[PDB]
Structures are given as structure tokens and as C-alpha cells.
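Structure file query.pdb (PDB, C-alpha atoms) follows.
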```
ATOM      1  CA  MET B   1     160.253  58.149 240.374  1.00  0.00           C
ATOM      2  CA  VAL B   2     161.648  55.339 242.509  1.00  0.00           C
ATOM      3  CA  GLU B   3     164.991  53.622 242.958  1.00  0.00           C
ATOM      4  CA  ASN B   4     166.121  50.011 243.088  1.00  0.00           C
ATOM      5  CA  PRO B   5     169.585  48.876 244.304  1.00  0.00           C
ATOM      6  CA  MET B   6     168.959  45.667 242.396  1.00  0.00           C
ATOM      7  CA  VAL B   7     166.330  44.613 239.883  1.00  0.00           C
ATOM      8  CA  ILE B   8     163.800  42.898 242.126  1.00  0.00           C
ATOM      9  CA  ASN B   9     160.508  41.425 240.971  1.00  0.00           C
ATOM     10  CA  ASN B  10     157.672  43.611 242.229  1.00  0.00           C
ATOM     11  CA  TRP B  11     153.952  42.983 241.694  1.00  0.00           C
ATOM     12  CA  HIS B  12     153.890  45.408 238.751  1.00  0.00           C
ATOM     13  CA  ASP B  13     150.385  44.542 237.532  1.00  0.00           C
ATOM     14  CA  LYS B  14     148.203  41.634 238.612  1.00  0.00           C
ATOM     15  CA  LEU B  15     144.598  40.570 238.084  1.00  0.00           C
ATOM     16  CA  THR B  16     142.364  37.786 239.368  1.00  0.00           C
ATOM     17  CA  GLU B  17     141.115  34.958 237.153  1.00  0.00           C
ATOM     18  CA  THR B  18     137.391  35.367 236.506  1.00  0.00           C
ATOM     19  CA  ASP B  19     136.586  31.735 235.679  1.00  0.00           C
ATOM     20  CA  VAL B  20     139.829  30.734 233.985  1.00  0.00           C
ATOM     21  CA  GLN B  21     140.772  27.169 234.860  1.00  0.00           C
ATOM     22  CA  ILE B  22     144.346  25.915 235.034  1.00  0.00           C
ATOM     23  CA  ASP B  23     145.482  22.322 234.659  1.00  0.00           C
ATOM     24  CA  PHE B  24     147.353  20.383 237.340  1.00  0.00           C
ATOM     25  CA  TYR B  25     150.744  21.351 235.912  1.00  0.00           C
ATOM     26  CA  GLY B  26     150.004  25.065 236.046  1.00  0.00           C
ATOM     27  CA  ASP B  27     149.846  26.066 232.400  1.00  0.00           C
ATOM     28  CA  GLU B  28     146.443  27.479 231.407  1.00  0.00           C
ATOM     29  CA  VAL B  29     143.231  25.885 230.172  1.00  0.00           C
ATOM     30  CA  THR B  30     141.313  28.160 227.834  1.00  0.00           C
ATOM     31  CA  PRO B  31     137.847  27.613 226.240  1.00  0.00           C
ATOM     32  CA  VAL B  32     139.768  26.825 223.047  1.00  0.00           C
ATOM     33  CA  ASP B  33     141.877  24.134 224.696  1.00  0.00           C
ATOM     34  CA  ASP B  34     141.164  20.418 225.071  1.00  0.00           C
ATOM     35  CA  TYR B  35     141.512  19.018 228.569  1.00  0.00           C
ATOM     36  CA  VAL B  36     140.358  16.110 230.700  1.00  0.00           C
ATOM     37  CA  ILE B  37     139.318  16.055 234.337  1.00  0.00           C
ATOM     38  CA  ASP B  38     140.690  12.998 236.120  1.00  0.00           C
ATOM     39  CA  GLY B  39     138.247  12.448 238.936  1.00  0.00           C
ATOM     40  CA  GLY B  40     138.232  16.105 239.877  1.00  0.00           C
ATOM     41  CA  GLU B  41     141.601  17.511 238.884  1.00  0.00           C
ATOM     42  CA  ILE B  42     142.052  19.321 235.575  1.00  0.00           C
ATOM     43  CA  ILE B  43     144.722  18.135 233.153  1.00  0.00           C
ATOM     44  CA  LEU B  44     145.576  19.730 229.819  1.00  0.00           C
ATOM     45  CA  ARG B  45     145.362  17.154 227.006  1.00  0.00           C
ATOM     46  CA  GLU B  46     149.074  17.637 226.323  1.00  0.00           C
ATOM     47  CA  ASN B  47     150.228  16.908 229.865  1.00  0.00           C
ATOM     48  CA  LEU B  48     147.463  14.324 230.184  1.00  0.00           C
ATOM     49  CA  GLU B  49     149.554  11.432 228.855  1.00  0.00           C
ATOM     50  CA  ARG B  50     152.110  11.964 231.622  1.00  0.00           C
ATOM     51  CA  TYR B  51     149.475  12.321 234.340  1.00  0.00           C
ATOM     52  CA  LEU B  52     147.496   9.270 233.187  1.00  0.00           C
ATOM     53  CA  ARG B  53     150.615   7.134 233.245  1.00  0.00           C
ATOM     54  CA  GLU B  54     151.138   8.396 236.785  1.00  0.00           C
ATOM     55  CA  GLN B  55     147.612   8.192 238.174  1.00  0.00           C
ATOM     56  CA  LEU B  56     144.843   7.306 235.672  1.00  0.00           C
ATOM     57  CA  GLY B  57     143.038   6.871 238.955  1.00  0.00           C
ATOM     58  CA  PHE B  58     140.139   9.336 238.938  1.00  0.00           C
ATOM     59  CA  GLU B  59     139.002  10.366 242.385  1.00  0.00           C
ATOM     60  CA  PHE B  60     138.737   7.260 244.554  1.00  0.00           C
ATOM     61  CA  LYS B  61     137.262   8.009 247.947  1.00  0.00           C
ATOM     62  CA  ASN B  62     136.164   5.787 250.807  1.00  0.00           C
ATOM     63  CA  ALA B  63     134.756   6.237 254.293  1.00  0.00           C
ATOM     64  CA  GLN B  64     138.459   6.334 255.240  1.00  0.00           C
ATOM     65  CA  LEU B  65     137.287   5.955 258.828  1.00  0.00           C
ATOM     66  CA  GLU B  66     136.485   2.299 258.188  1.00  0.00           C
ATOM     67  CA  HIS B  67     133.768   1.921 260.794  1.00  0.00           C
ATOM     68  CA  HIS B  68     134.362  -1.564 262.152  1.00  0.00           C
ATOM     69  CA  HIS B  69     131.039  -3.189 261.168  1.00  0.00           C
ATOM     70  CA  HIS B  70     129.677  -4.190 264.574  1.00  0.00           C
ATOM     71  CA  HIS B  71     132.375  -6.589 265.840  1.00  0.00           C
ATOM     72  CA  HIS B  72     129.976  -8.406 268.168  1.00  0.00           C
TER
ATOM     73  CA  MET D   1     108.496  38.094 278.925  1.00  0.00           C
ATOM     74  CA  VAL D   2     108.224  40.981 276.474  1.00  0.00           C
ATOM     75  CA  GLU D   3     109.583  44.564 276.437  1.00  0.00           C
ATOM     76  CA  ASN D   4     112.867  43.514 278.058  1.00  0.00           C
ATOM     77  CA  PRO D   5     115.421  42.934 275.242  1.00  0.00           C
ATOM     78  CA  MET D   6     116.382  39.274 275.590  1.00  0.00           C
ATOM     79  CA  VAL D   7     116.093  38.521 271.884  1.00  0.00           C
ATOM     80  CA  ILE D   8     118.174  39.833 268.995  1.00  0.00           C
ATOM     81  CA  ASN D   9     117.896  39.524 265.223  1.00  0.00           C
ATOM     82  CA  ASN D  10     120.368  37.547 263.136  1.00  0.00           C
ATOM     83  CA  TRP D  11     120.820  36.323 259.573  1.00  0.00           C
ATOM     84  CA  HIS D  12     120.517  32.881 258.035  1.00  0.00           C
ATOM     85  CA  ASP D  13     124.125  32.010 258.823  1.00  0.00           C
ATOM     86  CA  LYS D  14     124.078  28.320 257.974  1.00  0.00           C
ATOM     87  CA  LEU D  15     122.470  28.013 254.543  1.00  0.00           C
ATOM     88  CA  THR D  16     125.334  26.890 252.314  1.00  0.00           C
ATOM     89  CA  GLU D  17     126.370  23.233 252.047  1.00  0.00           C
ATOM     90  CA  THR D  18     128.894  22.507 254.791  1.00  0.00           C
ATOM     91  CA  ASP D  19     130.207  18.942 254.496  1.00  0.00           C
ATOM     92  CA  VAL D  20     127.118  17.639 252.742  1.00  0.00           C
ATOM     93  CA  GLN D  21     127.309  16.357 249.178  1.00  0.00           C
ATOM     94  CA  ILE D  22     125.241  14.065 246.958  1.00  0.00           C
ATOM     95  CA  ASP D  23     125.958  11.432 244.310  1.00  0.00           C
ATOM     96  CA  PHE D  24     124.762  11.336 240.700  1.00  0.00           C
ATOM     97  CA  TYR D  25     121.364   9.816 241.520  1.00  0.00           C
ATOM     98  CA  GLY D  26     120.417  12.018 244.451  1.00  0.00           C
ATOM     99  CA  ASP D  27     120.840  10.021 247.640  1.00  0.00           C
ATOM    100  CA  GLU D  28     123.347  11.756 249.932  1.00  0.00           C
ATOM    101  CA  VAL D  29     127.048  11.141 250.374  1.00  0.00           C
ATOM    102  CA  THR D  30     128.857  11.847 253.599  1.00  0.00           C
ATOM    103  CA  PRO D  31     132.406  10.979 254.886  1.00  0.00           C
ATOM    104  CA  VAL D  32     130.804   7.844 256.337  1.00  0.00           C
ATOM    105  CA  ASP D  33     129.649   6.240 253.101  1.00  0.00           C
ATOM    106  CA  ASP D  34     132.111   5.143 250.434  1.00  0.00           C
ATOM    107  CA  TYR D  35     131.957   7.004 247.131  1.00  0.00           C
ATOM    108  CA  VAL D  36     133.961   7.857 244.028  1.00  0.00           C
ATOM    109  CA  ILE D  37     134.141  11.021 241.943  1.00  0.00           C
ATOM    110  CA  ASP D  38     134.144  10.658 238.167  1.00  0.00           C
ATOM    111  CA  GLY D  39     135.594  13.801 236.681  1.00  0.00           C
ATOM    112  CA  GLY D  40     133.858  16.144 239.079  1.00  0.00           C
ATOM    113  CA  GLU D  41     130.603  14.271 239.585  1.00  0.00           C
ATOM    114  CA  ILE D  42     130.058  12.244 242.752  1.00  0.00           C
ATOM    115  CA  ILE D  43     128.851   8.643 242.638  1.00  0.00           C
ATOM    116  CA  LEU D  44     128.103   6.263 245.501  1.00  0.00           C
ATOM    117  CA  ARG D  45     130.549   3.361 245.434  1.00  0.00           C
ATOM    118  CA  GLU D  46     127.375   1.256 245.331  1.00  0.00           C
ATOM    119  CA  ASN D  47     126.804   2.192 241.676  1.00  0.00           C
ATOM    120  CA  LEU D  48     130.342   3.315 240.942  1.00  0.00           C
ATOM    121  CA  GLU D  49     131.449   0.159 239.103  1.00  0.00           C
ATOM    122  CA  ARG D  50     128.650   0.764 236.604  1.00  0.00           C
ATOM    123  CA  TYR D  51     129.746   4.379 236.268  1.00  0.00           C
ATOM    124  CA  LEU D  52     133.395   3.414 235.690  1.00  0.00           C
ATOM    125  CA  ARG D  53     132.103   1.062 233.019  1.00  0.00           C
ATOM    126  CA  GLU D  54     130.406   3.860 231.084  1.00  0.00           C
ATOM    127  CA  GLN D  55     132.373   6.980 232.123  1.00  0.00           C
ATOM    128  CA  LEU D  56     135.537   5.620 233.785  1.00  0.00           C
ATOM    129  CA  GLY D  57     136.325   8.623 235.986  1.00  0.00           C
ATOM    130  CA  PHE D  58     137.233  10.859 233.059  1.00  0.00           C
ATOM    131  CA  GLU D  59     135.324  13.973 232.165  1.00  0.00           C
ATOM    132  CA  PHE D  60     136.512  14.493 228.604  1.00  0.00           C
ATOM    133  CA  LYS D  61     136.403  18.228 228.094  1.00  0.00           C
ATOM    134  CA  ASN D  62     137.421  19.092 224.566  1.00  0.00           C
ATOM    135  CA  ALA D  63     137.282  22.730 223.471  1.00  0.00           C
ATOM    136  CA  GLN D  64     133.931  22.163 221.724  1.00  0.00           C
ATOM    137  CA  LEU D  65     134.314  25.722 220.483  1.00  0.00           C
ATOM    138  CA  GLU D  66     135.432  24.792 216.981  1.00  0.00           C
ATOM    139  CA  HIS D  67     134.036  27.787 215.152  1.00  0.00           C
ATOM    140  CA  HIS D  68     135.920  27.487 211.889  1.00  0.00           C
ATOM    141  CA  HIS D  69     136.891  30.781 210.278  1.00  0.00           C
ATOM    142  CA  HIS D  70     134.324  31.366 207.565  1.00  0.00           C
ATOM    143  CA  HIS D  71     133.003  34.794 206.636  1.00  0.00           C
ATOM    144  CA  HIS D  72     129.970  33.406 204.831  1.00  0.00           C
TER
END
```
Let's see the structure in the file written out as C-alpha cells.
Amino acid sequence: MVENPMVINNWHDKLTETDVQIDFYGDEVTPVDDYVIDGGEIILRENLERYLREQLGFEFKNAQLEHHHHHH
Amino acid sequence: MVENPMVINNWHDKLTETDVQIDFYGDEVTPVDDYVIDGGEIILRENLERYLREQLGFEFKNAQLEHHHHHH
């Protein structure tokens, strides 16, 4: 028996996801759900249209460093 | 020299991949060489244009679990 001056949100009950993947928007991607991975990020097929119109850019990497050839 | 404890036993600390990754073919991709990731799989930017032609950065992951309800 405990008390609470106001109704605060405690942990209550919480578990860890075994291998459950979530999309970029933070819904939930189940084995019975269609999704697409854009380069490396997971997007649920429903939110995909929005995300594609934003990025549709896969994962584009480079050296980033840009080692300056040799110069001389 | 022996007998005098100058040596100790340790584990195989560094076994897991640190910053080392590989492309689709099996070369080796580091933060020095330019590369692109198509839906989770790494490809050297040397062959990436070909990969974007066939895959295009998207790993299409439909449910693929369409077990239609049928008793017999």
C-alpha cells in the first residue's frame, strides 16, 4: 500500500524487446508488417511515403575526410 | 627468466569487429574509402552505381508471412 499526492507515471511494468524492430517514426514493425529499409534505417510502409519524399536517399557515405590526393 | 611472476594470463579482448566493415563483394571498407549502404548492406562506391541500378538503396521487407487462414 503506497500513496501518491498526484497521479504520476511510474515504471509500472516494463520489458525489453527481444528482436522487435521499430521504424524511424517509433511505431512498431512486426513480422506481419510490411516495411522498407532506406539505406539502413527502418521505415514502416505506411510512414514510408512521407520519409521517401523527405530523404529517398538510402545511406550515402564517403571518406568524409577527403584526403587531398597528393597535391604535389 | 622463469619462476618470478612477470607474466599474467588474459583473455582474447580484441576479437570483435571494431571499426572494420566490408562491402557486398568482400573487399574491406574503412572510413578512408568511399562507400554506400543499400538497405543495410555495404557496397564500395566503386560498384555502388551498379547496385543502385539493381537495388537502389531500398531493402524491401514485406511481411512475407502471409499464412492465409485455412484449416485444411
Inset, instruction - Apply the PyMOL selection byres ((chain D) within 6 of (chain B)) to the displayed file and report the matching residues as a list in words. - result: residues 31, 32, 33, 34, 35, 36, 37, 38, 39, 40, 57, 58, 59, 60, 61, 62 and 63 of chain D
Legend entry - Gap from CA of residue 52 (chain B) to CA of residue 24 (chain B) - Å, one decimal: 11.9 Å
Legend entry - chain B on chain D, all Cα pairs in order, RMSD: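 The C-alpha RMSD comes out at 7.1 Å.
Between CA of residue 22 (chain B) and CA of residue 49 (chain D) lies a distance of 29.1 Å.
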Inset, instruction - Figure out the distance between CA of residue 20 (chain B) and CA of residue 48 (chain B), please, to one decimal in Å. - result: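 Separation between CA of residue 48 (chain B) and CA of residue 20 (chain B): 18.5 Å.
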Inset, instruction - Select, from D:27, D:19, D:13, D:3, the residue with the minimum atom-to-atom distance to residue 46 (chain D), counting all atoms listed in the file. - result: D:27
